[PDB]
């Protein structure tokens, strides 16, 4: 599972990640690049354009909540399946979000970190963060199986 060098690559980047800023960019990019995801957040407001989405207060506020949850995964790396048990019920039983969408949000997070950290986001660092988003994605889909 997790090597010590994977733990250090994830922990080091996370120590420099502003949860509010990167969370906002994460969710905005998801709704903009994959527009069908907008159906799930229809009550957020005006999502008719990229700028409207990017500056929508609810999008910014929710993205912050999403990345705070990624922070909980960073703190409990060895028990991600247990940490995301309640959120698995919400997304599977109550929201009906297809699991492929969890993966697309993971991919987007990786792209945001890459844009924010540049050359410090090495291939090895990417490898570590892509593994994390996938473990988190499978933890959220757990109550479909």
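Residue numbers count along the first chain shown, from 1.
A.B. asks: Which wins on mean Cα temperature factor, 101-109 or 41-49?
C.D. replies: According to the entry, 41-49 carries the higher average C-alpha B-factor.
A.B. asks: Please work out which of 121-129 and 8-16 has the higher mean CA B-factor as recorded in the PDB entry.
C.D. replies: So the stretch with the higher mean C-alpha B-factor is 8-16.
A.B. asks: Which third of the chain does residue 82 land in by C-alpha B-factor: lowest, middle or highest?
C.D. replies: Top third by C-alpha B-factor.
A.B. asks: Split the chain's modelled residues into thirds by Cα B-factor; is residue 35 in the lowest, middle or highest one?
C.D. replies: It belongs to the lowest third of the chain when residues are ordered by C-alpha B-factor.
A.B. asks: Ranked by Cα temperature factor within the chain, is residue 90 in the lowest third, the middle third or the highest third?
C.D. replies: Within its chain, residue 90 is a highest-third residue by C-alpha B-factor, going by the deposited values.
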